[PDB]
Structure formats: structure tokens, C-alpha cells
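Asks: Below you'll find the structure I mean.
Any read-out appearing in this document is the output of simple, stated calculations on the displayed coordinates, not a laboratory observation. In this analysis, Cβ positions are derived from the backbone assuming ideal geometry, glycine residues included, and neighbour counts consider all displayed protein chains.
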Number of protein chains: 4
Amino acid sequence: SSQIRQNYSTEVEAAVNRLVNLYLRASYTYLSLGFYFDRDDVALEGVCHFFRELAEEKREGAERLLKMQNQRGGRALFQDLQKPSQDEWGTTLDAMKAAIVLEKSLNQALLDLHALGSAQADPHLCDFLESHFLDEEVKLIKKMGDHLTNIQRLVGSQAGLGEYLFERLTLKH
Amino acid sequence: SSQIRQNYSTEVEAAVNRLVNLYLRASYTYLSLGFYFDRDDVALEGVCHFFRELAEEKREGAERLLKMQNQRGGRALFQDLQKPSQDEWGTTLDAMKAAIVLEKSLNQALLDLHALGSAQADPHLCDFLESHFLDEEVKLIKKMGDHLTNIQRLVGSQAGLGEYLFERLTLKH
Amino acid sequence: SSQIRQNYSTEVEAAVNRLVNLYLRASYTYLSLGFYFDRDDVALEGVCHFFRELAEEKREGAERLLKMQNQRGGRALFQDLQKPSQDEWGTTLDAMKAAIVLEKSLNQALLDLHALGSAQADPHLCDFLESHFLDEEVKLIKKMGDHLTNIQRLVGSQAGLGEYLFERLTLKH
Amino acid sequence: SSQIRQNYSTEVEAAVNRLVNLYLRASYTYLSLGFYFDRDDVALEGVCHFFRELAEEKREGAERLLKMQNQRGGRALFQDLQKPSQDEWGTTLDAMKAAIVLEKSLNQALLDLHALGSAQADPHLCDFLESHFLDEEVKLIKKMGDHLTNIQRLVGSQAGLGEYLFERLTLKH
Ligand SMILES: [Cl-]
Ligand SMILES: [Cl-]
Ligand SMILES: [Cl-]
Ligand SMILES: [Cl-]
Ligand SMILES: [Cl-]
Ligand SMILES: [Cl-]
Ligand SMILES: [Cl-]
Ligand SMILES: [Cl-]
Ligand SMILES: [Cl-]
Ligand SMILES: [Cl-]
Ligand SMILES: [Cl-]
Ligand SMILES: [Cl-]
């Protein structure tokens, strides 16, 4: 093992590699979400831009994990990326539910890794997660919950019109 | 024939003149679309501006074909311009369908002319179409499809209100 | 199929989806190349930055294919992304050979798709490839060949010192 | 004890004083490293500047610990500073190994103090270490590992020439 590696367990190393995979899979899911909303028969540009920016954020998350892995003297291992769970994502409401579910799985993986670092007495790992991932997920998920609430309120009224209004007046375009 | 004319078939020359006519007819259709939406009893300014800008684009297309015709040593021939297929264009939805149909006819004429240039081994013609017309039509038609989808979604909900919202929140004014 | 789709064969649609997959796989290969060179026991920063920028370029390629797919009225389908062919990439020389091999596979897939568009008389497809992919690959591959030559010349002399000099004096850091 | 002191154990107080001593000793080691490389018969200016900047960083570390000690109502106690372990530091490679060893001892003392704060339920201490010391050491040690790798690769080739190239092309001067 590495000349620099110190207080860095194999359990944490491997879990960091799994987390990289989860983040790249999320990024890929968000790419598929974004381009679904760009279809001519869906055509909600602000929704497309929302999911494409999330694709970027998740890729950046992964990259940040990989940088850390190298900083600790671990070794990055890449595995196959599973395709997104759906080919078509339904309405804005369906999509935003799927996104929240996804984020909550990432958040749980983050919390599991934190618990691992704590069990291994790896405070650098814990600090790294706290500083760059945990707060960001909480803020993201809150934002998604808020969006969901606003979508629900809109489409309960009139589904088509509601979706158009959300995209125009809440989402960036 | 011309001192400069080289690898420029009469078949292509004539088809370029027909394409100029199609483009000027489209321009004229779009003028009629634009001013319909400016009527006091229709009064959707953003729709009027959308179709007037398309009138301009099609005129520019024609002008660009005529410039090319002269560059190749062909001779521009003008024929009568047929009036637009309708005097009244119905709703925003009806209008946007009519526009897509029109664009798809232009696009097909572009593809037919490209196939002609290829059969005649006229790579300058093909390149000219590729560079200035084919990509532009594809982008336009996609934009129109997107608009149509958004109009459909809006007016399925409530026809009058939907149309007003589209014009205010998607179209430039 | 789509309201906008015109002269867009299912053969081309499917091949565009396969090309997206190839590009995202290349992007992922380049991510693994980049982070290998960031390991404490490899530590060639300019090499890492070279491969990370290529990761970005390939992702952008894919995104550009997906945008086009939607513009034509095709439907994006995502499949599993295969992990990179190696976990460790050897020397700068080995890595640059692997990269050239990869680029040449992309280039061949581009040429195959071009031949398909030509057989299907899809000039928009051909133009799209010509404009955004074919020239870029040729330029890239030439650059990689040049790098390879310079690496070979350097490491034939003294392997370690040569590699350090290439990274410092040719690569950006 | 102090009017302000709260949740601040004597065990932590004393360990903070020992850490100040370790940091000032490291600073002094780095002063000796820096000036060795400034000798007329060694004359590697970039190496001298690298170690002098590290001397400064370690002094700043100590100062930051002392500030914190006072903030918590502890009392700073100074002890003798042991001279550096060597009077002459050999090659750039030998020096960089010695530096990594030193940093890893500081890092271990940081981790031990963190474990102490955790055992004492002193979250302010833990946070203080996480925020200002743990990440910084990890980044430093990674940088030193990278340097070591590059030095090794260079001097395996030709010792004198390699050392000169590292100093000129990697180190700041
Ligand atoms: Cl372990
Ligand atoms: Cl799967
Ligand atoms: Cl913590
Ligand atoms: Cl002829
Ligand atoms: Cl008529
Ligand atoms: Cl051509
Ligand atoms: Cl077909
Ligand atoms: Cl595989
Ligand atoms: Cl072509
Ligand atoms: Cl106590
Ligand atoms: Cl001593
Ligand atoms: Cl903490």
C-alpha cells in the first residue's frame, strides 16, 4: 500500500469506490431525466435544465470522492454503470418523485459511510463528508420537496396547465 | 451560358428557382399568419411577432438562394407567388400546426434538392444546403414541435386562458 | 412516432443511441485514466489534466448526440456503461497508446454512422457528423500521435526522466 | 480555573500544549531543512523555499493552537524545543522522505488528539481540528508523496541532473 496512506481502512476505501459508482449512476439517471424533458413531445425546457444541472453536480460529487480517494492513498476502482431505472419518466411530478427517491438513496449511502468512518475512527473521512456532501444533500432534498409540493398543488388543479406554469415560473430558463 | 458556370446543371438551376418560389411563398404565408394574430379580435402579439420573424427568415432564405444562383452562373427566374392557403388561421394551435406542415414541405424540398445535387455530383450545392438550410430547418421544426406540445398541454386544460399564458410566458413581446 | 420526425430512419436512430453509449464509455475511460495519473505513486499532474479534459470532451460529444437525437424526433435509449478495460494504465506511453486506440474506435464508429446516413440519404446526419465530430477526431488523433512520438523519443533515452520532462514541458499544468 | 472554561478537560489542555511543542519542533526542523538547501554546496533554491514555507505553516499551526487554547480558557505551557534530528539532510529525495515521516507524526498526533476530544465529548476541539488541521495535513502529505514519486523517477535515471530538473521545473523559484 501507499507511502502516504494513514488511518485509511480498506473498508472505507471500498465503500468510497461504491459511492463513486452510486454518484456516477445518479449523474447518468439525471442525464436521462434531462433529455426526456427535451423531447418534442414533452418539451419542458426548464425541467430539462434542472435535471442536467443535477447531472453535473453528481459528476462533480464523484470527482470529488475520487480526488479524496487519491489524497488518502486509496485506489480508485471503477465498475459498470447501470443504466437508469426508466426509459421514460412520465410527468414533471413523477420525475420529481423519482429524483427525491434517488437523492434519498445517495443521502443514505452518505450516512452509512459516515457511520463506517466513525466506527473506524477516521475523522478525516467524516469531516470530508460533512463539509462537502451532507449539507448539500439536505439542501437539495428540501428544494426537491418544495418543488414537489408546488407541482402537486398545481396539477391537482389542472394537470397540463399546472405543469406549464411550474416550468415557466419556478424553473430557470 | 455564363463565363463562370462550372459543374452546374440545368436541373439544379431550375430546382433552385423553384425553391426560391417556395421560400417566398412561405414568407408570404408567415406574413398572413403574423397579421392575423395582430387583429383586434385575435390580439396575441407574441404570436404575431413569432410569425413575422419567420416571414423575415424565409425571405432571407430566398435571398440567399438567389445570391448562390448568381454565384454559380445560373439565371434567376421568378414566377407568380400563390397566396396563402387560408385567410383566417384559427387558434394558436391551428396556426402552429399549419406552420409545422409548411416547414416540413420546405424541408422536404431541401432534401429533394440535396438528392438532386448528389445525383448530379454537385458538391458545392450540397455543402451550401448543409451549411445554411438543413440544420436551420431541423432546429426550427424542433422548436415548433416543442411549442405545439406546450400549446396542446395548455389548451387541453382551458382553451382561452391557455393561449394567453403561452403567448405571455413562452413567446417574445 | 414524432410530429417533427422527417427522413430519420430507425437504423440511424439506433446507431445514434449506440454512439452515445460509446462516447459515454470513452468519457468514463478517460476519467479512470485521469485519476490513475493523480495517484501518489504515479503523480503526473499534466497527464491527469490531459485525460480529464478528454473525459469532458467525450461527455460533451454524447450530449451533443442526444440533443441531435431529440431534434430529429428520435428517442434516446440508455444502456449500461461498461467499465474501462483496465484498472491501472501503466506508463504515460502505455496510456497514450490506449487513448489512441480508443479514439480510433470512436472515429471508426463515426465513419460507420456516416456511411449509414449516406446509405439512408440522411444529409442532415452526415452534415452533423462532419461539422462537429469528424474534423475534431482527426485533430485529436493527430495530437495524440504527436504526443506518442514525443513520449517514445523521450523514454527510449531514459524512461523516468523522459516521462517527467514530457509532463512538465508539453502537457498543461 | 478560568471564568470562561467550559467542557475543556485537563487531558485535552495538556495534549494541546504537547501539540504546540510538536508543531514548533516541526517548524524548526523545516528551518534547518530550508537552510541546508541554501548551502553553497547544495544550492537548490526551490527546495530551500519549499521547506521555509513549510516552516512558516507549522509556526502558524502552533499559533493557531495557542489561540484556541486561550479561547477555551486553558493555559499555554512551553517546553524546551528539541533540535532537528539531523544536521545535514542528504539529497532532495532523503529530505522529502524525512519531511513525509515528520508530517505523518504530526498527523498521528492530530488523530490522537481528535480521539481524545471524542472520548471527552469535546466537539469544539474535534471541529477545530477538522476545520484547520486534518484536511490540510492530508493535502500536504499527498503533495509530498507526489513530489517523492517524481524525485524517485528522476534520480533513478541520473541523480544529479534529476535533482536539478525537479527543483527547476516542479518547485517554485
Ligand atoms: Cl484496514
Ligand atoms: Cl440495470
Ligand atoms: Cl466529524
Ligand atoms: Cl446540365
Ligand atoms: Cl393559390
Ligand atoms: Cl456534401
Ligand atoms: Cl426507418
Ligand atoms: Cl466490461
Ligand atoms: Cl454531407
Ligand atoms: Cl478535566
Ligand atoms: Cl534532541
Ligand atoms: Cl466533530
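Asks: By count of other Cβ within 10 Å, fewest leading, how are A:170, B:29 ordered?
Replies: A:170, B:29
Asks: Could you let me know the centre-to-centre spacing of the range D:107-143 and the range C:87-137, using Cα atoms, in angstrom?
Replies: After rounding, the separation between the Cα centres reads 49 Å.
Asks: Any of A:142/C:67; B:58/C:58; A:142/B:142; A:58/D:172 with alpha carbons more than 32 Å apart? Name them for me.
Replies: B:58/C:58; A:142/B:142; A:58/D:172
Asks: Using a label point 7 angstrom from Cα along Cα-to-C-beta, what distances in nm, from shortest up, separate residue D:118 from the other copies?
Replies: Computed spacing set for this position: 1.0, 6.4, 6.7 nm.
Asks: In addition: Using alpha-carbon positions, what is the distance between the centroids of the range C:16-79 and the range D:1-56, in Å?
Replies: 44 Å
Asks: When the Debye formula is applied to the Cα atoms of the range C:109-154, each taken as the same point scatterer, what base-10 log of I(q)/I(0) results at q = 0.23, 0.28 Å⁻¹?
Replies: -0.74, -0.91
Asks: Which distances in nm, rounded to one decimal and ordered from shortest, link the label point of residue B:11 to the equivalent label points in the other identical copies, with labels set 7 Å from Cα toward Cβ?
Replies: List, nearest first: 2.2, 7.7, 9.4 nm.
Asks: Using 7 Å Cα-to-Cβ label points, what is the residue A:115/residue B:94 separation (nm, one decimal)?
Replies: Modelled inter-label distance: 6.4 nm.
Asks: Can you give me the P(r) profile for the protein assembly as shown? Cα pairs, bins 10 angstrom wide beginning at 0, each as a whole percent.
Replies: With a bin width of 10 Å, the distribution comes to 3, 12, 17, 18, 17, 13, 10, 7, 3, 1, 0.
Asks: Hey, another quick one. Ranking B:22, D:171 by Cβ neighbours within 10 Å, fewest first, what do you get?
Replies: Values: B:22 21, D:171 17.
Starting with the residue having the fewest Cβ neighbours, the order is D:171, B:22.
Asks: Also, I was wondering about something else. Residues of the range D:121-150 with backbone nitrogen within less than 20 Å of a virtual label 7 Å along the Cα-to-Cβ line of residue D:64, please, listed as ranges.
Replies: From the range D:121-150, the list is D:122-145.
Asks: Starting from the Cα of residue A:101, step 7 Å toward the Cβ, then list every residue of the range C:68-100 with an amide N under 16 Å from that point.
Replies: Counting backbone N atoms under 16 Å from the label point, the list is empty.
Asks: Can you list, shortest first in nanometers, how far residue A:173 lies from the same residue in the other copies, with each label 7 Å from Cα toward Cβ?
Replies: Once sorted, the set of distances for residue A:173 reads 1.6, 4.7, 5.9 nm.
Asks: Let me ask something else about it. Identify the residue of chain D whose Cβ lies closest to the rotation axis that maps chain D onto chain A, and give that distance in whole Å.
Replies: D:130, 4
Asks: While we're on this one: Taking only C-alpha pairs under 8 Å that are 6+ residues apart, what is the relative contact order of chain B in percent? It would help to have the intermediate numbers written out before the result.
Replies: Working: 170 pairs, mean separation 49.0, N = 173.
With pairs under 8 Å counted, the relative contact order is 28 percent.
Asks: Given the -39500 (n - 2.57) contribution per DSSP H run of 4+ residues, what per-residue ellipticity at 222 nm results for the protein assembly as shown, rounded to the nearest 500 deg cm²/dmol?
Replies: Result for the protein assembly as shown, helices only: -25000 deg cm²/dmol.
Asks: Let me ask something else about it. For a footprinting-style exposure proxy, rank B:161, C:33, A:110 by other Cβ within 10 Å, fewest first.
Replies: Least crowded to most crowded, the residues run B:161, A:110, C:33.
Asks: Further question on the same structure: Please give the average number of partner chain Cβ atoms lying within 10 Å of the Cβ of each residue in C:161-171, rounded to a whole number.
Replies: Values: counts 9, 2, 4, 11, 4, 0, 3, 6, 1, 0, 0.
Mean partner-chain Cβ count within 10 Å for C:161-171: 4.
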